[PDB]
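Student: Experimental structure and sequence below.
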Amino acid sequence: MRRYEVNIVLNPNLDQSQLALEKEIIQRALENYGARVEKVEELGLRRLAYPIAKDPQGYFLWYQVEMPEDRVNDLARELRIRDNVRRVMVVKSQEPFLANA
Amino acid sequence: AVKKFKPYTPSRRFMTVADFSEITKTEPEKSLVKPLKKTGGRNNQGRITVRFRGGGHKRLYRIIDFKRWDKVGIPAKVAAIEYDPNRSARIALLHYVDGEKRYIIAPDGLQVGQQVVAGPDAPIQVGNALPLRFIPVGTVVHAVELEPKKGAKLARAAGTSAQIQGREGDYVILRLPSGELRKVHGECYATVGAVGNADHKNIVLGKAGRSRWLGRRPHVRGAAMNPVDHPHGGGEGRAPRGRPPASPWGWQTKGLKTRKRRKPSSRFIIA
Amino acid sequence: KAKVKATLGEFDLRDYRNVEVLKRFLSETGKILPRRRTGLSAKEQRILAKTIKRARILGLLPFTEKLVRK
Amino acid sequence: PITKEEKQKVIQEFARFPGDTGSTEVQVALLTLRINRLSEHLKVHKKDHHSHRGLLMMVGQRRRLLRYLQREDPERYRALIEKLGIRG
Amino acid sequence: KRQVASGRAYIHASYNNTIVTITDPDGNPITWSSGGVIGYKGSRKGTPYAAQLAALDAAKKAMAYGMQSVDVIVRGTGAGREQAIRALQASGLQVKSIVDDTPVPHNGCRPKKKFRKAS
RNA sequence: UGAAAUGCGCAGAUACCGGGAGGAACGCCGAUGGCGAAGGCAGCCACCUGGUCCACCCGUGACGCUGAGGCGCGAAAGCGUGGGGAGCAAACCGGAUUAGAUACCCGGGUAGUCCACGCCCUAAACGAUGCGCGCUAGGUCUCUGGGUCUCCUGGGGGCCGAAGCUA
RNA sequence: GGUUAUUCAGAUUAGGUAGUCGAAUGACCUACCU
RNA sequence: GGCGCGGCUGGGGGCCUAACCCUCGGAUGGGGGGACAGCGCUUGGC
Ligand SMILES: [Mg+2]
Ligand SMILES: [Mg+2]
Ligand SMILES: [Mg+2]
Ligand SMILES: [Mg+2]
Ligand SMILES: [Mg+2]
Ligand SMILES: [Mg+2]
Ligand SMILES: [Mg+2]
Ligand SMILES: [Mg+2]
Ligand SMILES: [Mg+2]
Ligand SMILES: [Mg+2]
Ligand SMILES: [Mg+2]
Ligand SMILES: [Mg+2]
Ligand SMILES: [Mg+2]
Ligand SMILES: [Mg+2]
Ligand SMILES: [Mg+2]
Ligand SMILES: [Mg+2]
Ligand SMILES: [Mg+2]
Ligand SMILES: [Mg+2]
Ligand SMILES: [Mg+2]
Ligand SMILES: [Mg+2]
Ligand SMILES: [Mg+2]
Ligand SMILES: [Mg+2]
Ligand SMILES: [Mg+2]
Ligand SMILES: [Mg+2]
Ligand SMILES: [Mg+2]
Ligand SMILES: [Mg+2]
Ligand SMILES: [Mg+2]
Ligand SMILES: [Mg+2]
């Protein structure tokens, strides 16, 4: 049931109303594959280093989550279907590695 | 992938034939509003209009659903993959929840079992069909329409398909099985993914007769005829085309384009 | 001239989001700075770059920026 | 991987007495799992040669044991070969 | 066509000839020049001297289009690179800066037999 | 480019900004670095999976080492069917150099390079060093693991050197 | 003045080849080798 | 010789729809194409 770290990046120039929609799709999606979400850190808009889809900003979200280690690959296929989704980016989770303690 | 044959007879040494593994143990076509008489050979004056057709096994026409927006949102279960004798593709007898049954060009991946459904809502999963303004660019899709509400034209041949290159106004870009580049209408429906039985091209008729079963008759070289008959008619000991190689009607076949410049279908292409 | 080690407090170099932290390793060009310039260990330098790469994919860190005034 | 859980179960189901995590009898069963597991994987990953080597080693290792176990005690071999179900 | 105080100057530093194009803020050429444009040929066009005369002849015309400021950008590990720039000083035009956009593949297309040197 | 010429360019090229397609390779990290039996392996993400090292000294009790034949893997090139095709590029064409130049340099260019499946089975396939095991100074830096830890202990990767070997 | 073809007379070589190079006449406007 | 205006415009770009064409569980309508195409007269070509 390994822990993951589903980053997602959404169409920054997208209103909170439509954003509501996209945020729910992600929700049910994560659920359609049973990703009983742990944490979250929805860090809003942010300026990024390179225009992603020609936009300098982009919405970020970060659902830490445990789930079946197989449907994980497929889940990300789903999250990427949305075009207002501008870069899903799952990750296996690992205890931090302190540097210069 | 294809059935080979031990050479216990010439011709049979080279002749391969499909493996109808994908055919869901179902000889009989759905006799229901599904088969239909079929016949022909040449045109409606008595005259031959297309050389060299004729003969070859008797056929039943299987009626196919190419509009597939009659049943919007109405689901259906894929009851069977059947053999169609009159297309390269295989077909899927699918039962609708309605209790309505039709046939569809079985695309690659389709499993007998699969739910499937048409309409704008529908999931972008293999099998389902829906308008174009609605499939995520990049998707390979098949059995497309061309003008809307008009039935499928593009990509119905076996294992063929087209991708969406982009959208642009009421229209979407497509790359036809031919490589062509076209703006089709947004409201055009298209079943998702690519066509069943892509294994097709690799059969090898192998003998002469097999072409005959296909109803294709022998076709005779121009060279072989006489001047009365055909522009390559000098016959005079195996001989060189005497001129730029032509059709029986004498139009150049060596490379000459034929497409009517002033066609309106024109300003919607690029390939 | 200035190791990036004694340049910052304690942190998680396996984190791929502390944009502020990480930028402190990527020159005035975009280059993932050498070892000879962050002094980190072998083991360290790695998990570092591994994330710094991760970063750029999300869009937080760059890939290159123009070389400025000569 | 293999479930550290059912691994224990394998060890459990095959062993002369509690603890005992290394009897010939075990190792066999114990490998056999990892074998059949790999086996089944290669069956889809045909192109994965590298790993295949491992399987060849794995089949080897157990080949030895099963021999030593047959060589030393025929009685309990005829059991393990069959309980486990191999030698075909 | 229009005159503007703010602009941009691009330096193309080849080995066999360096050339510069001066464009408006957006990036749309108002004028340009190069070692041939100057009066040279083949190798001589590679000379940093021409690279001088170029940037000048460029800037020179540029000036008469109301150009005054010119954020500079160079591309080309060419030999006459900085002299092209040097010339934008002595040109008489306020260089807002100096950038090296000189493009670099993150290891993509195999290059000619010549530029095969890596190993 | 040694300098050139063929080449491209007023039918508007080169330089520059924007938009799009497509293929291939993975800059900085990178290394005297790591991994693998070898060939060999480098963006990032997950998934599936092989080997290997250390700790605890818990289990089995000599179950080992090798290995003709066999079986598998086996760079590049090359072959078959089918895709794909940006850059590069034998063959080929042109320019130039030359006495000549079927070459070196330049302009152009096709298989090929890429993928799927199948075959080929070679190499300076090199450490030119078969594998396993025990013996016989140390010095130095380096990767990786364990331990109250200016250092002991185990596993790799190097350079210098006891004895000894060595043409 | 230029181009080309040839030739021997020299020239460069230790020498030879070839070439470059020079001259004449007719037509015309550094490379290899012993 | 230049600005503003309307009829006339000629050319070129764009958009429209209602002619005209295709099509849609028969529609005084919906959809697609569209002043193009098709067809009439006429021009020169192959
Ligand atoms: Mg014939
Ligand atoms: Mg005739
Ligand atoms: Mg003839
Ligand atoms: Mg005859
Ligand atoms: Mg004859
Ligand atoms: Mg366990
Ligand atoms: Mg010239
Ligand atoms: Mg004991
Ligand atoms: Mg004991
Ligand atoms: Mg004994
Ligand atoms: Mg190859
Ligand atoms: Mg060949
Ligand atoms: Mg060939
Ligand atoms: Mg070597
Ligand atoms: Mg030594
Ligand atoms: Mg000695
Ligand atoms: Mg000695
Ligand atoms: Mg000896
Ligand atoms: Mg002499
Ligand atoms: Mg002589
Ligand atoms: Mg004479
Ligand atoms: Mg007009
Ligand atoms: Mg108009
Ligand atoms: Mg329109
Ligand atoms: Mg209309
Ligand atoms: Mg319309
Ligand atoms: Mg009416
Ligand atoms: Mg329209």
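Tutor: The structure has been received and is ready for your questions. Residues are numbered from 1 along each chain as shown, chains lettered A, B, ... in the order given. Ligands and ions are numbered 1, 2, ... in the order given.
Student: For the chain, which segments count as helices?
Tutor: Unless you meant another one, I'm taking chain A. Remark: helices assigned in chain A by DSSP state H are A:16-32, A:71-79.
Student: not what I meant, chain E
Tutor: E:35-38, E:48-63, E:81-91.
Student: what's the closest of those helices to residue C:47?
Tutor: Among the helices of chain E, helix E:81-91 comes nearest to residue C:47, with 38.8 Å by CB to CB. For the C-beta atoms, the positions are set from N, CA and C on the backbone; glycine is no exception.
Student: Only the buried residues of the closest one, if you could.
Tutor: E:81-85, E:87-88, E:91 (16 or more other CB atoms under 10 Å in any protein chain shown).
Student: could you point out which element follows the helix with the most length in chain D?
Tutor: The single longest helix within chain D, with elements called by DSSP H, is helix D:49-72. Using DSSP states H and E, the helix or strand that directly follows helix D:49-72 along the chain is helix D:74-80.
Student: Need the residues that contact that following helix.
Tutor: Residues outside helix D:74-80 that contact it (CB atoms under 8 Å, 6 or more residues apart in numbering or on different chains): D:14, D:25, D:28-29, D:66, D:69-70.
Student: Residue B:220: which of these is nearest?
Tutor: Closest to residue B:220, out of all of the contacts of helix D:74-80 and judged by CB to CB, is residue D:66, at 71.0 Å.
Student: Number of residues surrounding residue 36?
Tutor: You didn't pick a chain, so chain A it is. For residue A:36, the number of neighbouring residues by other CB atoms under 10 Å in any protein chain shown comes to 10.
Student: oops, chain D please
Tutor: With other CB under 10 Å as criterion, residue D:36 counts 14.
Student: Same question for the one 5 residues further on.
Tutor: Burial measure for residue D:41: 13 neighbouring residues, criterion other CB under 10 Å.
Student: How about the contacts made by it?
Tutor: D:48, D:51.
Student: Correct me if wrong, but it is in a strand.
Tutor: No. Using DSSP: H, G, I helix; E, B strand; the rest coil, the secondary structure at residue D:41 is helix, not a strand.
Student: Next, give phi and psi for the residue nearest to residue A:64 when sequence neighbours are not counted.
Tutor: Leaving aside its sequence neighbours, residue A:64 sits nearest to residue A:39 (CB to CB, 6 or more residues apart in numbering or on different chains; 4.1 Å). Backbone torsions of residue A:39, given as degrees, to the nearest 10, read phi -50, psi -160.
Student: and if you look at residue D:33?
Tutor: Per degrees, to the nearest 10, the backbone of residue D:33 is at phi -60, psi -60.
Student: so how far is residue D:41 from it?
Tutor: 13 Å (CB to CB, to the nearest Å).
Student: check contacts around the residue lying closest to residue B:15 once chain neighbours are set aside.
Tutor: Using CB to CB, 6+ apart and skipping the chain neighbours, the partner closest in space to residue B:15 is residue B:206 (2.4 Å). Listed by CB under 8 Å, 6+ apart, the contact set of residue B:206 reads B:11-16.
Student: For RNA strand H, what's the nearest residue on chain D?
Tutor: Relative to RNA strand H, the nearest point of chain D is residue D:44 (46.0 Å; CB to the nearest atom of the strand).
Student: hmm, back to that, if I look at the residue nearest to residue B:15, how far off is residue B:7?
Tutor: From residue B:206 to residue B:7 the distance is 11 Å (CB to CB).
Student: re earlier: pretty sure the residue nearest to residue A:64 contacts residue A:61?
Tutor: No. Contact between residue A:39 and residue A:61 fails when scored by CB atoms under 8 Å: they sit 11.2 Å apart.
Student: Neighbour count: these two, which is higher?
Tutor: Between residue A:39 and residue A:61, residue A:61 has the larger neighbour count (other CB under 10 Å), namely 17 against 9.
Student: partner residues bridging that one?
Tutor: residue A:8 (DSSP bridges).
Student: quick one: it and residue A:68, what's the gap?
Tutor: Relative to residue A:68, and taking CB to CB, residue A:61 is found at 21 Å.
Student: Outside of stretch C:37-57 itself, which residues are in contact with it?
Tutor: Contacts for stretch C:37-57 (CB under 8 Å, 6+ apart): A:49-50, A:87, A:89, A:91, A:97, A:99, C:3-5, C:13-17, C:19, C:22, C:25-26, C:32, C:35, C:61-63.
Student: Among those, the buried ones, what's the ChimeraX command?
Tutor: Only the buried entries of those go into this ChimeraX selection, using 16+ other CB under 10 Å:
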select /A:49,87,89,99 /C:13,14,16,17,19,22,25,26,32,61
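Student: so which of the contacts of stretch C:37-57 also contact RNA strand F?
Tutor: A:89, A:91, C:32, C:35, C:63 (CB under 7 Å from any atom of the strand).
Student: In three-state terms, label the fourth one for me.
Tutor: Same thing as residue C:35. Once three-state DSSP is applied, residue C:35 turns out coil.
Student: quick one: what helix or strand has the closest residue to it other than its chain neighbours in it?
Tutor: Nearest residue to residue C:35, sequence neighbours excluded (CB to CB, 6+ apart): residue C:45, at 5.3 Å. Following DSSP H and E, one finds residue C:45 within helix C:42-58.
Student: Check which residues of that helix are buried.
Tutor: C:44-45, C:47-48, C:51-52, C:54-56, C:58.
Student: quick revisit: overlap in contacts of residue B:206 and residue B:7?
Tutor: In contact with both residue B:206 and residue B:7: residue B:13, using CB under 8 Å, 6+ apart.
Student: what about the helix holding residue C:45, distance to the chain center?
Tutor: 8 Å (CA atoms, centre = their mean, to the nearest Å).
Student: same check, this time on stretch B:111-126
Tutor: On CA atoms, centre = their mean, the centre of stretch B:111-126 falls 22 Å from the chain's centre.
Student: what do you get for stretch B:240-260?
Tutor: The answer for stretch B:240-260 is 27 Å, by CA atoms, centre = their mean.
Student: got the end-to-end distance for that stretch?
Tutor: 31 Å (CA to CA, to the nearest Å).
Student: residues making contact with it?
Tutor: In contact with stretch B:240-260 (CB under 8 Å, 6+ apart) are residues B:51, B:222-223, B:229-232, B:234.
Student: let's go with 7 Å and repeat that
Tutor: Stretch B:240-260 is contacted by residues B:222, B:230-232, B:234 when judged by CB atoms under 7 Å, 6 or more residues apart in numbering or on different chains.
Student: In strands only, show me the residues you listed.
Tutor: Judged by DSSP state E, strands contain none of the contacts of stretch B:240-260.
Student: Not counting sequence-adjacent ones, nearest residue to residue D:54?
Tutor: For residue D:54, the closest residue by CB to CB, 6+ apart turns out to be residue D:38, at 6.8 Å.
Student: how about the helix or strand harbouring the one you found, does it reach ligand 6?
Tutor: Here residue D:38, judged by DSSP H and E, is contained in helix D:24-42. No. Helix D:24-42 lies out of reach of ligand 6 by CB under 5 Å from the ion, never closer than 10.4 Å.
Student: what angle separates that helix from helix D:49-72?
Tutor: 150 degrees (axes from the mean of the first three to the mean of the last three CA atoms, to 10 degrees).
Student: Would you mind listing the buried residues in helix D:24-42?
Tutor: D:24-35, D:38, D:42.
Student: rewinding a little: just name the most buried of the helices of chain A.
Tutor: Of all those, helix A:71-79 has the most neighbours on average by mean count of other CB atoms under 10 Å in any protein chain shown, namely a mean of 15.
Student: Report all helices and strands that that one contacts.
Tutor: Judged by 3 or more CB pairs under 7 Å, 6 or more residues apart in numbering or on different chains; DSSP states H and E, helix A:71-79 is in contact with helix A:16-32.
Student: Would you mind writing the CA trace of the helix it packs on as CSV?
Tutor: The C-alpha coordinates for helix A:16-32 follow below in CSV (Å, rounded to 0.1, in the frame of the first residue of the first chain):
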residue,chain,number,x,y,z
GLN,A,16,-11.5,29.2,-8.6
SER,A,17,-14.9,28.1,-9.9
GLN,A,18,-13.6,25.9,-12.7
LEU,A,19,-10.7,25.1,-10.4
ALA,A,20,-13.3,23.7,-8.0
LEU,A,21,-14.3,21.3,-10.8
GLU,A,22,-10.8,20.1,-11.6
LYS,A,23,-10.0,19.7,-7.9
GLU,A,24,-13.0,17.4,-7.5
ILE,A,25,-12.1,15.3,-10.5
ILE,A,26,-8.7,14.7,-8.9
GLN,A,27,-10.5,13.9,-5.7
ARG,A,28,-12.9,11.2,-7.1
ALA,A,29,-10.0,10.0,-9.3
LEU,A,30,-7.7,9.5,-6.4
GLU,A,31,-10.6,7.6,-5.0
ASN,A,32,-11.6,5.6,-8.1
